[PDB]
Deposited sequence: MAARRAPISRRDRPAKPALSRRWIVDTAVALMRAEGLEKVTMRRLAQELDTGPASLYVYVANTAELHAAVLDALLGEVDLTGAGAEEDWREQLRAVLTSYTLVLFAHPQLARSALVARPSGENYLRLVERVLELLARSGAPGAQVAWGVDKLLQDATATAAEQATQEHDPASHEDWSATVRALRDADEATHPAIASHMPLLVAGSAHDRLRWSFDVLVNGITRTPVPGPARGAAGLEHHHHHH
């Protein structure tokens, strides 16, 4: 008869993942693990993605929101360590696009990314929409990591029929995921700081 809590449920999910994978972390396997039914757990975590999000949140307590002073380089460091936790758990990146974390560690990540980005001097609307974009970008890139046919098809596209593709090969398919992430960080920071957020559609 111990009382069911959100904390206990997620601590159990975390332990289940480390012991058995994450493919094993289902609401039914968790209900069984807590000697209760799925309906009980659903009041705390509403679905699989909320549950993966809570587990991701837990894992984000490891990331350094202190340092490894100025803002762009330290921004890049936090976004990298966020990304490195996602690369360790690509299914959590995949689920984070369906439902983002909402626990203390994620709120702390966001507070910090916002703090650093804000030092750029850019207007507040751009820092607010920007940190969403910097987070979504790392998450989308970690999503693509193994838990290619496109690359083959691009190499085989005919210069005659697809001249823009031929024109841009080998670079269209070149670079490490690290190289691409070094580049889109700069692309995004440069764009975020320079692009005003318009009013309502």
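Q: Would you mind checking the deposited sequence against the model and listing the stretches with no C-alpha coordinates?
A: Those stretches are 1-15, 84-86, 166-176, 231-243, listed in order.
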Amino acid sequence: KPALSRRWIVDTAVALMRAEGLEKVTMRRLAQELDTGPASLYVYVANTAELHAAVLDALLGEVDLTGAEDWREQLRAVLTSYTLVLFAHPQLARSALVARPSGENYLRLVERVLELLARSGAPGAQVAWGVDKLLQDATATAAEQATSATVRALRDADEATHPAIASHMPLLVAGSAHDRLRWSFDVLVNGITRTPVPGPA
From here on, numbers count along this sequence of modelled residues.
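Q: Going by the average Cα B-factor in the PDB entry, point out whether 154-162 or 47-55 comes out higher.
A: Stretch with the higher mean C-alpha B-factor: 154-162.
Q: Pick between 137-145 and 38-46: the one whose mean CA B-factor in the entry is higher.
A: Comparing 137-145 with 38-46, the higher average CA B-factor belongs to 38-46.
Q: Could you check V10, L181, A19, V187 and tell me which one carries the biggest Cα B-factor in the deposited entry?
A: The record points to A19.
Q: Give the position of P198 by CA B-factor within its chain, expressed as the lowest, middle or highest third.
A: For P198, whose C-alpha B-factor we compare with every modelled residue in the chain, the answer is the middle third.
Q: Place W129 in the lowest, middle or highest third of its chain's C-alpha B-factors, as listed in the PDB entry.
A: Lowest third, going by the recorded CA B-factors of the chain.
Q: Lowest, middle or highest third of the chain for the C-alpha temperature factor of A15?
A: Tercile = middle for this residue's CA B-factor.
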